[PDB]
Amino acid sequence: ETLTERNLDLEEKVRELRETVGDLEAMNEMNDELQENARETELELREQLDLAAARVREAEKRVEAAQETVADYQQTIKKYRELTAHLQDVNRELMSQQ
Amino acid sequence: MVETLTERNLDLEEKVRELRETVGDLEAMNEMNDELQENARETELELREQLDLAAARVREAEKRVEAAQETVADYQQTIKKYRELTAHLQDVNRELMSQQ
């Protein structure tokens, strides 16, 4: 009769555990779905990041180009102003010789 | 049946052992996911940072470009004028030289 008390006690514990396993499974299942979506969102980001990383010196090169092109012009100017001076000196000197 | 019934009891003691183990594994699996979720969230955030940094770097450089492009146009004009002038002086000097 006792063995029966102990036996019924156990049939409960099984029912209890089966329920708990069901919940754990379900919870784990649900998280897996989220984790799936997280993995794809990341993969998306990584793609967007590579596009931007490209755009960044596609641009930081364009900047260098221009910055060089200006320095070139400052030199070209610096030279024209030397030249013009020089031609003025010559002209002036020619005029006095008249 | 205190012989045929201890059989039933022994049967059950196994089922609990089996289930306890299973739960253990489920717990550990769950734990594992928690670790993944934390890494995911931090890696996602790290990326979002990196994206904003780049987006900034781009806009900034693209305006540095625009600055120069303006500065250059100014210089082209200044040059265009010096070139005209230079011509003009040459014409005047050449013509003066022939007259002596």
Candidates B:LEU89, B:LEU51, B:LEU47, filtered to the one that is touching an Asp or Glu at 6+ places or on another chain (Cβ under 8 Å) and in a helix (DSSP H, G or I): B:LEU47
One residue from A:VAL21, A:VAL63, A:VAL90, A:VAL14 being within 19 Å of B:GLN69 (Cα to Cα) and at the interface with chain B (Cβ under 9 Å from one of its Cβ atoms): A:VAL63
Can you pull out the residues in the stretch B:3-45 that are surrounded by 10 or more Cβ atoms within 10 Å (Cβ to Cβ) and of a type in the set (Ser, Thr, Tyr)? B:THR6, B:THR22, B:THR43
Reported set for the stretch A:24-43 where residues are more than 10 Å from every other protein chain (Cβ to nearest Cβ), more than 21 Å from B:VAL23 (Cβ to Cβ) and among the hydrophobic types (A, V, I, L, M, F, W, C) is A:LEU43
Quickly run through the stretch B:68-87 and pick out the residues that are among the small types (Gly, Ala, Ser) and surrounded by fewer than 14 Cβ atoms within 10 Å (Cβ to Cβ). B:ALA73, B:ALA87
Please determine, by comparing only the residues of the stretch A:46-57 that are surrounded by 11 or more Cβ atoms within 10 Å (Cβ to Cβ) and more than 9 Å from chain B (Cβ to nearest Cβ), which one is farthest from B:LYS63 (Cα to Cα). A:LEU51
Which one of these is assigned to a helix (DSSP H, G or I) and farther than 30 Å from B:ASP34 by Cβ: A:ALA26, A:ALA59, A:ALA38? A:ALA59
List the residue pairs whose Cβ atoms are under 8 Å apart, where the first residue sits in the stretch B:25-49 and is without any contact (Cβ under 8 Å) to a residue 12 or more places away in the chain, the second is of a type in the set (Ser, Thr, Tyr) and assigned to a helix (DSSP H, G or I), and the two are 6 or more positions apart or on different chains. B:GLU44/A:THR41
For A:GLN98, indicate whether it is surrounded by 12 or more Cβ atoms within 10 Å (Cβ to Cβ) and either facing chain B (nearest Cβ under 9 Å) or on the phi < 0 side of the Ramachandran plot (or both). no
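Each value in this text was obtained by applying a stated rule to the coordinates, not by laboratory testing. FYI the Cβ positions are ideal-geometry reconstructions off the backbone, even for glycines, and counts take in every protein chain you see.
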